[PDB]
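Engineer: I am attaching a structure below and will ask some questions about it afterwards.
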Amino acid sequence: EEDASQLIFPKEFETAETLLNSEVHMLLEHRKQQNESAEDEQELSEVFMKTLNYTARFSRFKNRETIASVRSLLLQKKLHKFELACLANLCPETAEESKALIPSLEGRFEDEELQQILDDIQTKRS
Amino acid sequence: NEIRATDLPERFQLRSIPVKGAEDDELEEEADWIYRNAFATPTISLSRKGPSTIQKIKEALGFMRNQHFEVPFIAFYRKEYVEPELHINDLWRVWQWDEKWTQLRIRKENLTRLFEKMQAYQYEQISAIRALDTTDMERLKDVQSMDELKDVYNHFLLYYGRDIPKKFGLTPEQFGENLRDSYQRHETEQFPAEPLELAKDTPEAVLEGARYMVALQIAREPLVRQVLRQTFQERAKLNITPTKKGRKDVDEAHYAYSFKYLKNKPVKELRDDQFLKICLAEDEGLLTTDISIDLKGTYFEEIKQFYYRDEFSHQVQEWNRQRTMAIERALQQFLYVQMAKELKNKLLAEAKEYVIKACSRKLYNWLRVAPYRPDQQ
Amino acid sequence: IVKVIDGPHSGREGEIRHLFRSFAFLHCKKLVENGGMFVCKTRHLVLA
Amino acid sequence: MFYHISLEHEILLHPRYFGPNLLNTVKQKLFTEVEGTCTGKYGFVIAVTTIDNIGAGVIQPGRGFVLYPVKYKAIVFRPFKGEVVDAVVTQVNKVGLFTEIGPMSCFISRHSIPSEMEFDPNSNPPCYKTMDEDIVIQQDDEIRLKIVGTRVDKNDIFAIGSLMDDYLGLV
């Protein structure tokens with residue numbers, strides 16, 4: 001029954017806080033910067049290393065202000081939290097591609113209304 | 001049924017797997033490929049001479065294709081048509097060469113078809129920095145260049161776009177020709193414009209926008225791939241030196257730990273000596289490896305002069321600076337990484353060949369049937 | 001409980017279950033490889 | 001998908017650790033207790049960002065161990081079905097394609113892949129191309145996919161991908 005396509009999740013996960021690829025990347029980078037210092041400390045694990053190199057290959061933008069601006073311009077809409085991560089991460093070129101990838105957008109908003117947002121996101125990309 | 005009651009012998013059928021037999025014209029091509037890839041790094045089949053070896057390889061391939069010959073079948077029954085007992089690994093070597101030549105021909109045909117289709121699509125689209133479908137013929141012709149051919153195809157795809165519906169510095173071909181010749185035939189963009197002017201005609205307001213495109217064009221250029229290829233492959237004086245933890249962990253058990261300061265190991269030590277390659281791979285697996293040619297510092301300097309303008313007077317100085325930046329960017333993209341990957345692949349191949357040769361020698365030594373019969377009959 | 005700083009499993013943890021002349025069959029639960037279990041020499045161990 | 005939620009966990013602390021660094025020791029144990037693990041309820045946890053507070057350690061009767069119900073603000077990664085993500089292809093085999101969704105690895109079958117993407121066993125690098133050889137897909141490529149199934153192998157998530165929907169390849 002758990003299918004993100006139809007916007008259904010467990011109660012505990014419903015109240016979660018979405019994260020973006022750049023957001024998690026900078027969080028992990030700062031954690032690594034803090035941990036590397038303060039000698040006599042248990043070093044990072046392969047999980048941390050793999051997650052770091054996995055998120056580093058999809059950092060659409062390095063500027064925390066870029067992250068802030070995109071989330072601020074996005075939250076003003078009526079879309080659910082789940083729509084804030086996938087759409088902000090994939091950065092599709094056209095509204096048709098976005099609608100095809102995410103079935104939720106089908107009929108939820110106008111074509112130009114979504115296309116302008118997609119163009120804004122692409123532009124915001126560094 | 002096919003294995004036992006097949007028209008051709010099972011040995012020939014297995015040997016000519018990628019290539020289901022040889023055609024009369026394809027015999028010449030397969031023989032040429034076998035001659036080319038018989039012994040490039042080490043000396044193998046130099047016994048059979050160059051032309052004599054090529055003719056013998058062609059004769060063996062043709063016999064296998066026509067009479068469905070097998071390795072020993074041609075080695076013995078075709079002693080005249082092949083090296084007359086030149087070496088034990090005659091039929092097997094010929095079969096491997098024929099398989100490789102057939103595979104390369106198939107790859108070249110596929111690439112030529114792809115280039116022709118891409119050129120037709122580009123003509124249909126733009127005919128109703130351009131996209132010219134002229135490199136398809138070059139890629140199809142570049143049969144011997146397998147890795148280089150693949151790099152050229154990938155660069156062409158990434159440059160033309162690869163989409164399938166259903167003036168910044170020197171030209172890429174000119175820069176490649178200059179690098180290959182070692183003399184800068186063509187300079188950078190000798191125009192009064194500078195990066196400040198160039199960064200306004202994309203919408204970024206930054207001066208490296210053309211640097212990115214230049215780096216990509218340099219990287220995905222078959223000429224550059226050919227130029228770099230072999231440059232480090234033929235000679236790489238890998239310095240073996242254990243690291244801080246490798247000195248204790250290896251305990252002189254691997255190539256990177258046996259010599260604390262035994263550096264400057266050329267390609268001869270690793271390719272010719274498969275033990276060195278195996279030790280290097282083992283050391284680099286877990287703890288660390290000391291594999292560095294240390295010869296670029298001076299190979300990367302010479303290219304620096306090429307492809308850049310000579311004057312520096314605003315237009316000239318800016319063109320020179322932009323060319324230098326684009327060359328540095330192309331290097332960081334795919335000049336050191338590409339060379340390192342090629343060297344690593346060559347070292348791995350040399351180690352594998354050394355291991356295979358050692359195994360074959362051991363098998364030959366230990367398989368000779370020498371029983372102790374009454375009176376040593 | 002012992003630590004394996006040297007040997008094939010550099011910087012590895014796990015409880016020991018079986019001993020041998022020059023081998024130790026360590027065991028753990030965090031690991032996933034080989035059903036969460038590994039084996040390494042004895043002299044490359046330290047009493048943690 | 002990565003998320004930032006507040007979790008709770010309790011740890012017993014052996015009395016040998018009492019002293020001026022009690023809180024520091026508790027934090028260290030929490031770090032090396034709830035990092036990298038996985039659970040079927042909240043999913044796979046990456047790391048811990050900060051700690052909300054330290055509860056009142058309740059010393060057990062007849063035992064020196066004291067438990068601290070600490071609540072920590074950490075991040076978690078619990079992919080769900082139907083979500084679309086951009087992974088990197090790790091390996092190409094005739095049996096299937098292997099990718100790496102961060103702390104998780106998926107796998108797609110040739111049946112999921114359309115018929116247009118054939119095999120290239122003759123070429124040294126295992127890769128799939130089309131008849132016109134225009135589009136090329138190999139390893140170390142940011143290829144997208146859709147999570148059509150999930151699985152937890154005893155705290156080891158291993159989902160399954162798919163390549164049927166359009167617009168799944170090079171961006």
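Ligands are numbered from 1 in the order shown, chains are lettered A, B, ... in the order of the structure tokens, and residues start at 1 in each chain.
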Taking only C-alpha atoms into account, which residues of chain B are within 9 Å of chain C, as a PDB file with C-alpha atoms, in the first residue's frame?
Structural biologist:
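This went into iface03.pdb:
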ATOM      1  CA  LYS B 248      54.227  -1.937   8.127  1.00  0.00           C
ATOM      2  CA  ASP B 249      51.226  -3.752   6.623  1.00  0.00           C
ATOM      3  CA  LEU B 286      43.733  -2.797   0.444  1.00  0.00           C
ATOM      4  CA  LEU B 287      46.544  -0.698   1.928  1.00  0.00           C
TER       5      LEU B 287
END
Engineer: Write out as a PDB file with C-alpha atoms, in the first residue's frame every residue belonging to chain D that has an atom at most 10 Å from any atom of chain B, counting only C-alpha atoms.
Structural biologist:
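In the end it all went to out-v9.pdb:
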ATOM      1  CA  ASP D 120      27.516  -5.435 -26.314  1.00  0.00           C
ATOM      2  CA  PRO D 121      29.450  -8.487 -25.080  1.00  0.00           C
ATOM      3  CA  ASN D 122      31.930  -8.218 -27.962  1.00  0.00           C
ATOM      4  CA  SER D 123      33.160  -4.835 -26.738  1.00  0.00           C
ATOM      5  CA  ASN D 124      35.391  -5.041 -23.674  1.00  0.00           C
ATOM      6  CA  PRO D 125      33.259  -2.681 -21.528  1.00  0.00           C
ATOM      7  CA  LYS D 129      23.276   0.610 -27.289  1.00  0.00           C
ATOM      8  CA  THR D 130      20.617   0.952 -29.967  1.00  0.00           C
ATOM      9  CA  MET D 131      20.598   0.008 -33.639  1.00  0.00           C
ATOM     10  CA  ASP D 132      21.716   3.506 -34.660  1.00  0.00           C
ATOM     11  CA  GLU D 133      24.186   3.599 -31.729  1.00  0.00           C
ATOM     12  CA  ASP D 134      23.137   7.173 -30.944  1.00  0.00           C
ATOM     13  CA  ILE D 135      22.368   6.712 -27.244  1.00  0.00           C
ATOM     14  CA  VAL D 136      24.992   4.927 -25.142  1.00  0.00           C
ATOM     15  CA  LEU D 170      20.981  10.900 -19.740  1.00  0.00           C
TER      16      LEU D 170
END
Engineer: Provide as number ranges by chain the residues of chain B at most 12 Å from chain A, counting only C-alpha atoms.
Structural biologist: B: 202-206, 209
Engineer: Write out as CSV a residue-level contact list of chain A versus chain C with cut-off 12 Å: for each qualifying residue the closest pair of atoms and the distance in Å to one decimal, counting only C-alpha atoms, rows sorted by chain and residue number upward.
Structural biologist:
residue,atom,partner,partner_atom,distance
A:42,CA,C:11,CA,10.5
A:43,CA,C:11,CA,10.0
A:44,CA,C:11,CA,11.4
A:45,CA,C:11,CA,10.4
A:46,CA,C:31,CA,11.6
A:47,CA,C:31,CA,11.8
Engineer: Write the selection just made, keeping C-alpha atoms, as a PDB file, in the first residue's frame?
Structural biologist:
ATOM      1  CA  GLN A  42      36.636   7.391  15.747  1.00  0.00           C
ATOM      2  CA  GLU A  43      37.032   7.947  12.006  1.00  0.00           C
ATOM      3  CA  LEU A  44      34.174   7.962   9.506  1.00  0.00           C
ATOM      4  CA  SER A  45      32.722   4.734   8.128  1.00  0.00           C
ATOM      5  CA  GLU A  46      32.299   3.418   4.607  1.00  0.00           C
ATOM      6  CA  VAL A  47      28.627   4.405   4.878  1.00  0.00           C
TER       7      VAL A  47
END
Engineer: Counting only C-alpha atoms, which of D:65, D:72, D:31, D:3 gets nearest to chain A?
Structural biologist: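 Looking at the shortest contact to chain A, the residue is D:3.
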Engineer: Output as a list in words the set of chain D residues within 6 Å of chain A, with distances taken over only C-alpha atoms.
Structural biologist: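 Filtering chain D at 6 Å from chain A with only C-alpha atoms gives residues 2, 3, 4, 5, 81, 82, 83 and 102 of chain D.
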Engineer: Compile the contact shell of residue D:160 as a PyMOL selection string: residues with an atom at most 7 Å away, counting only C-alpha atoms, same-chain residues fewer than 4 positions apart removed.
Structural biologist: chain D and resi 106-108+147-150
Engineer: Using only C-alpha atoms, determine which residues of chain C fall within 12 Å of chain D; present them as a ChimeraX atom specification.
Structural biologist: /C:29-33,35-36
Engineer: Now that the selection is made, can you save its residues with C-alpha atoms as a PDB file, in the first residue's frame?
Structural biologist:
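And here's part00.pdb as it stands now:
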ATOM      1  CA  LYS C  29      26.551  -8.438  13.823  1.00  0.00           C
ATOM      2  CA  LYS C  30      27.044  -5.045  12.159  1.00  0.00           C
ATOM      3  CA  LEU C  31      28.831  -6.610   9.182  1.00  0.00           C
ATOM      4  CA  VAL C  32      26.823  -7.942   6.240  1.00  0.00           C
ATOM      5  CA  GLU C  33      29.569  -9.755   4.337  1.00  0.00           C
ATOM      6  CA  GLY C  35      26.445 -13.226   6.958  1.00  0.00           C
ATOM      7  CA  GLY C  36      28.234 -10.771   9.238  1.00  0.00           C
TER       8      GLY C  36
END
Engineer: For residue D:48, find every residue with an atom within 7 Å (counting only C-alpha atoms), except residues of its own chain fewer than 5 positions away, and show them as a compact mmCIF listing (two decimals) with N, CA, C and O atoms, in the first residue's frame.
Structural biologist:
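Dumped everything to selection-v7.txt:
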# COMPACT_ATOMS: atom_id res chain seq x y z
N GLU D 35 24.56 5.05 14.42
CA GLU D 35 25.04 5.52 13.12
C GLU D 35 25.20 4.34 12.16
O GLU D 35 25.84 3.34 12.50
N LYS D 73 18.23 14.39 17.30
CA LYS D 73 17.79 14.88 16.00
C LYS D 73 18.82 14.41 14.98
O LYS D 73 19.91 14.98 14.84
N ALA D 74 18.48 13.34 14.27
CA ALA D 74 19.31 12.73 13.25
C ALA D 74 18.53 12.67 11.94
O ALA D 74 17.34 12.97 11.88
N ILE D 75 19.22 12.27 10.87
CA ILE D 75 18.62 12.13 9.56
C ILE D 75 18.43 10.65 9.25
O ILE D 75 19.10 9.77 9.81
Engineer: Quote the spacing between atom CA of residue B:332 and atom CA of residue B:240 in Å to one decimal place.
Structural biologist: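 If I compute the distance from atom CA of residue B:332 to atom CA of residue B:240, I get 24.7 Å.
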